[PDB]
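In what follows, a structure is listed as structure tokens, so that the remarks can point back to it.
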Amino acid sequence: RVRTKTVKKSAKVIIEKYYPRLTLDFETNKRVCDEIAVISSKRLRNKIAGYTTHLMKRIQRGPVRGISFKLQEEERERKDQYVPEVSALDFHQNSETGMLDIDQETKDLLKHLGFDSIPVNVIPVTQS
Amino acid sequence: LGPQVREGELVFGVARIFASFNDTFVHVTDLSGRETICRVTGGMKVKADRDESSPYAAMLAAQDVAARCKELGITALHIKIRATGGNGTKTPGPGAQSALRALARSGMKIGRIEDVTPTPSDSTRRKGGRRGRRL
Amino acid sequence: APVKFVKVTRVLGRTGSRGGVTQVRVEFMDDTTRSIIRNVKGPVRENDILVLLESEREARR
Amino acid sequence: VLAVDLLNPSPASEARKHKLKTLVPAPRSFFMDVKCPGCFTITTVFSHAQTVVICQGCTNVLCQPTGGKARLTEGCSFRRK
Amino acid sequence: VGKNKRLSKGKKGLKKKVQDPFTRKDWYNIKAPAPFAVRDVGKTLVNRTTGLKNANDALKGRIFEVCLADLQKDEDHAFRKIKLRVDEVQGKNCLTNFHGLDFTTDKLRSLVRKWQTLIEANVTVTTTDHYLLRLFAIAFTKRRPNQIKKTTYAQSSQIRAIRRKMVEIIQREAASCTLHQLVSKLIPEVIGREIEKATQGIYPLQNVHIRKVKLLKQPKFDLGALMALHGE
Amino acid sequence: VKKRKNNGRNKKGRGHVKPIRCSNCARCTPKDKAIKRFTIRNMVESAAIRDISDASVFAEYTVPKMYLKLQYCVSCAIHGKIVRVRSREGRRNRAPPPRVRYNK
RNA sequence: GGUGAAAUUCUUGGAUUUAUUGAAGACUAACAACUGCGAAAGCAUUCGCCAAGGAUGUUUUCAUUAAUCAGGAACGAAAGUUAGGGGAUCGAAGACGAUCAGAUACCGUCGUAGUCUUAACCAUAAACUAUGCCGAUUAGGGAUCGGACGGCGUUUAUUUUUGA
Ligand SMILES: [Mg+2]
Ligand SMILES: [Mg+2]
Ligand SMILES: [Mg+2]
Ligand SMILES: [Mg+2]
Ligand SMILES: [Mg+2]
Ligand SMILES: [Mg+2]
Ligand SMILES: [Mg+2]
Ligand SMILES: [Mg+2]
Ligand SMILES: [Mg+2]
Ligand SMILES: [Mg+2]
Ligand SMILES: [Mg+2]
Ligand SMILES: [Mg+2]
Ligand SMILES: [Mg+2]
Ligand SMILES: [Mg+2]
Ligand SMILES: [Mg+2]
Ligand SMILES: [Mg+2]
Ligand SMILES: [Mg+2]
Ligand SMILES: [Mg+2]
Ligand SMILES: [Zn+2]
Ligand SMILES: [Zn+2]
């Protein structure tokens with residue numbers, strides 16, 4: 001009992017083009033599909049309605065890869081501008097003592113570049 | 001008839017199980033090889049040459065060994081299983097484990113498991129030739 | 001002969017050259033702790049009950 | 001690579017190459033003067049001496065030959081000359 | 001199989017009359033020497049004494065294999081088994097003395113491992129009492145906790161150094177001893193700790209052991225010493 | 001043509017090596033050419049472990065181990081299904097197979 | 001006993017099996033590896049004696065003494081040959097038992113030369129890296145055996161320097 005590509009493509013395109021007007025109930029999708037589509041077979045219409053009602057059962061509980069609908073995309077670009085008030089890299093507020101930790105030859109690198117005024121503490125690292 | 005002993009203590013014997021790929025031997029002595037309490041082999045138990053080394057035949061041979069040694073008074077056993085050894089397979093045969101289980105189930109006591117297969121440091125030439133058994 | 005009653009708890013594939021025999025895990029229904037592996041000739045369901053003449057013998061795998 | 005100045009290698013790289021693989025070979029052995037605690041004399045000893053070196057006074061051993069550079073006696077001091 | 005015999009008893013024979021030879025057997029107890037903890041070690045069987053066939057002669061050349069764990073009542077020495085040889089048989093009481101020592105086969109095979117070095121030696125020695133006995137020794141290379149290199153191999157020149165040091169130590173220890181004193185030295189594994197301590201500088205050498213001991217010659221019977229050790 | 005770069009022997013830097021006897025057909029093959037398998041198993045099978053445990057006289061008991069090292073000729077190697085034919089590209093891969101540690 | 005299954009063969013004139021002791025000859029398991037040495041053939045138990053060798057280290061010494069080689073010469077697995085010693089185990093030839101239409105074979109039980117050593121011949125092998133010897137240059141990597149040099153630590157001893 002495996003559905004072919006014609007149903008797979010028709011179910012995906014109907015779901016993404018017309019998401020909200022049809023719901024998890026199979027009976028409603030049965031009359032929704034044939035009114036807004038031209039299908040030459042009754043059983044094939046049943047094939048589409050039966051598989052298409054299966055998708056919203058799992059979409060209702062978590063999103064699924066490979067399917068995108070109008071409501072779903074708009075959520076992404078509203079959420080993607082999230083930004084805190086204090087930077088994670090910023091440590092003047094994040095760390096109680098502003099001064100941070102580096103290693104010895106990093107301090108030597110700072111000496112070479114001339115940025116001596118940066119307040120840091122050097123700790124040796126070696127296991128051997 | 002048997003050794004006099006208080007009910008609490010139990011007396012020990014030793015069973016030397018020889019399991020090759022053609023036959024199995026169960027032989028029970030008394031912590032030394034001078035005296036043989038009992039010996040039984042698969043051949044008596046089985047009715048056909050093919051099955052003389054079978055686990056079932058080894059189980060049958062172990063049952064009447066336990067029965068025969070029950071009235072002698074011995075109540076616990078040490079076991080020393082060995083394969084063909086020497087130039088042989090050095091892997092115990094199929095009828096090894098069978099008899100051991102039948103000995104445990106029959107009511108006999110067990111202690112000091114051991115393997116006594118003889119291994120050579122450097123052996124003489126072994127039978128077969130330079131090309132081996134070509135079948 | 002002390003015939004014993006055993007019951008099957010799980011079926012593990014179908015073995016044999018011709019698929020007649022099946023290999024199962026049985027339970028002795030007298031010491032619920034004990035369990036061994038046996039072979040059966042006929043159809044077997046879960047919770048079936050079998051009659052065993054001898055229990056010491058064991059099957060392959 | 002593809003552009004190197006072979007005439008002026010770094011001193012570290014020439015202290016890093018083999019004694020024969022440099023631009024011009026140069027030995028890495030030296031002489032040294034050892035102060036024997038017993039006496040006040042001075043003796044010049046090769047760093048890689050293959051023979052036991054004896055001091056003029058009190059006839060004491062100063063070094064033991066080995067595969068590489070000779071090992072000095074524990075109770076001795078030296079300066080690189 | 002019953003039906004394979006062709007000649008059976010042979011050219012010409014007849015069945016037997018008297019059977020069940022166990023009606024004429026006797027049971028004896030076996031004891032252990034002084035240093036060991038438990039003395040009773042089991043029972044033994046033999047034909048009853050009769051004319052022309054004395055019983056005591058048959059109980060003077062028997063040896064028994066007893067694990068040292070049972071004798072010492074301690075499961076740490078569960079991999080060493082020793083032999084006991086009977087010498088004199090007092091009434092319903094067999095007396096025995098030392099006859100050797102040996103590891104079990106499985107412990108020995110479990111120790112030998114790949115990517116290590118195995119060191120082995122042997123030496124004969126005689127005591128103040130004229131007993132000539134031979135000892136074997138074994139050791140293996142030891143890994144270091146911070147080691148990264150896969151294999152731990154020693155150089156053969158170092159190997160000869162360890163073999164010489166072990167032989168010298170074992171000879172020194174067994175130079176002035178008696179059998180009772182020496183046996184009192186095997187059970188606490190005294191030899192190993194000096195072998196490892198002495199060879200510590202050359203190489204770590206974990207798991208130093210004496211593989212086996214066997215005796216070759218014996219002096220006169222000297223019943224006084226046997227009774228000295230027995231019946232304590 | 002070379003089927004294998006190492007001639008299927010693993011021998012470079014020497015001229016000769018003493019042979020051994022096959023453990024199945026008693027054939028002679030060079031030691032470096034033979035297939036070696038080391039096996040560690042228990043003395044008794046897992047169903048019998050308890051039967052030995054409660055039939056012992058030492059309270060808790062630990063069954064000893066058994067150690068063998070078998071070695072076969074190549075003719076017995078793929079008839080006993082120890083190893084099998086690999087593809088042309090898969091031949092040059094000497095990493096030991098990853099044993100299953102979950103068993104479904 | 002042995003085999004896919006059997007037989008030839010040995011056995012109450014006690015076979016097979018168990019323990020103790022003795023003699024003889026051969027061989028050095030596990031450790032043993034994408035590790036070592038030698039011109040190659042080849043070389044694995046301990047220790048003593050004899051001469052030889054590679055690599056590294058060196059502000060020692062001589063100063064072109066060199067490279068490859070027609071003919072020529074030394075060594076040269078296994079098998080084989082000529083005389084002594086030794087002769088456990090395997091086993092060409094040979095004799096039996098099965099299989100098969102046949103089976104002078106593959107399988108099984110015996111078994112001579114041979115397999116070992118001393119003194120001499122033989123000079124051939126898929127003697128293979130199927131890849132001649134000397135010298136120069138050309139790309140990245142990480143392992144590993146021997147010697148030397150530098151370094152932070154751990155371990156440990158009549159302990160430091162050494163060894164790991
Ligand atoms: Mg074939
Ligand atoms: Mg070479
Ligand atoms: Mg060759
Ligand atoms: Mg007999
Ligand atoms: Mg010999
Ligand atoms: Mg090596
Ligand atoms: Mg060896
Ligand atoms: Mg020529
Ligand atoms: Mg030859
Ligand atoms: Mg010859
Ligand atoms: Mg003559
Ligand atoms: Mg001859
Ligand atoms: Mg043949
Ligand atoms: Mg033969
Ligand atoms: Mg040619
Ligand atoms: Mg050629
Ligand atoms: Mg060539
Ligand atoms: Mg250093
Ligand atoms: Zn001085
Ligand atoms: Zn094979």
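Among the residues of the range E:88-107, count how many are more than 27 Å from E:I30 (Cα to Cα) and surrounded by 15 or more Cβ atoms within 10 Å (Cβ to Cβ).
Taking the range E:88-107 as the starting set, the residues that turn out to be more than 27 Å from E:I30 (Cα to Cα) are E:106-107.
Then drop every residue that is not surrounded by 15 or more Cβ atoms within 10 Å (Cβ to Cβ), which leaves E:106.
Of the residues in that region, 1 qualify.
From F:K18, F:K12, F:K2, grab the single residue that is surrounded by fewer than 10 Cβ atoms within 10 Å (Cβ to Cβ) and within 14 Å of chain B (Cβ to nearest Cβ).
Just a single option satisfies the conditions, and that option is F:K18.
So, in the range F:45-81, how many residues would count as being more than 16 Å from ligand 1 (Cβ to nearest atom) and of a type outside the set (D, E)? Don't jump to the end; show me each part of the working.
Going residue by residue through the range F:45-81, those that are more than 16 Å from ligand 1 (Cβ to nearest atom) are F:45-71.
From the residues that got through so far, the ones that are of a type outside the set (D, E) too are F:46-50, F:52-53, F:55-59, F:61-71.
So the answer is 23.
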Exercise. Restricting to strands (runs of 3 or more DSSP E) lying wholly in chain C: which have 2 or more residues that are without any contact (Cβ under 8 Å) to a residue 24 or more places away in the chain and in contact with a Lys or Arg (Cβ under 6 Å, 6 or more places away or on another chain)?
Worked result: C:22-27
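Taking the options F:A34, F:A48, name whichever one is surrounded by 13 or more Cβ atoms within 10 Å (Cβ to Cβ), among the small types (G, A, S), away from ligand 19 (no atom under 16 Å from the Cβ) and more than 7 Å from chain B (Cβ to nearest Cβ).
F:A34
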Exercise. Among (1) small (G, A, S); (2) under 29 Å from D:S10 (Cα atoms); (3) surrounded by fewer than 10 Cβ atoms within 10 Å (Cβ to Cβ), which single condition is D:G67 missing?
Worked result: (2)
Problem set entry | Condition met for B:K80 (more than 10 Å from chain F (Cβ to nearest Cβ) and either farther than 30 Å from B:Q63 by Cα or more than 16 Å from ligand 1 (Cβ to nearest atom) (or both)) | yes
For this session: Quickly run through the range E:72-103 and pick out the residues that are within 12 Å of another protein chain (Cβ to nearest Cβ), farther than 18 Å from E:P219 by Cα and in a strand (DSSP E or B).
Result: E:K81, E:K83, E:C94, E:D102, E:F103
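Which one is farthest from RNA strand G (Cβ to nearest atom) among residues in the range D:49-63 that are exposed (fewer than 13 other Cβ atoms within 10 Å of the Cβ) and farther than 13 Å from D:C76 by Cα?
This residue is D:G57.
Which members of the range E:108-125 meet the condition of being away from every other protein chain (no Cβ under 11 Å), surrounded by fewer than 16 Cβ atoms within 10 Å (Cβ to Cβ) and within 25 Å of F:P64 (Cβ to Cβ)?
E:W115, E:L118, E:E120
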Problem set entry | Those residues of the range A:1-48 which are in contact with a helix residue (DSSP H, G or I) (Cβ under 9 Å, 6 or more places away or on another chain) and of a type in the set (G, A, S), in sequence order | A:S10, A:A11, A:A37, A:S41
For this session: For the range B:104-113, name all the residues that are crowded, with 18+ Cβ neighbours inside 10 Å, within 8 Å of chain F (Cβ to nearest Cβ) and under 8 Å from B:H78 (Cα atoms).
Result: B:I110, B:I113
For this session: Filter the range F:54-78 down to the residues that are closer than 22 Å to C:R61 by Cα and more than 13 Å from RNA strand G (Cβ to nearest atom), then identify the one that is surrounded by the most Cβ atoms within 10 Å (Cβ to Cβ).
Result: F:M66
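Can you tell which of E:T152, E:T128 is β-branched (V, I, T), surrounded by 12 or more Cβ atoms within 10 Å (Cβ to Cβ) and part of a loop (DSSP other than H, G, I, E, B)? Quick ask: steps written out before the conclusion?
Details: E:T128 fails: surrounded by 12 or more Cβ atoms within 10 Å (Cβ to Cβ).
Of the residues listed, the single one that is β-branched (V, I, T), surrounded by 12 or more Cβ atoms within 10 Å (Cβ to Cβ) and part of a loop (DSSP other than H, G, I, E, B) is E:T152.
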Exercise. Taking the range E:109-133, which residues are touching a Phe, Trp or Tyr at 6+ places or on another chain (Cβ under 9 Å) and either farther than 23 Å from E:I169 by Cα or of a type in the set (F, W, Y) (or both)?
Worked result: E:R109, E:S110, E:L111, E:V112, E:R113, E:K114, E:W115, E:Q116
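Positions of Cβ are generated from backbone atoms using ideal geometry, with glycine treated the same way; all protein chains shown enter the neighbour counts. Bear in mind that the values in this text are calculations on the coordinates, not laboratory data.
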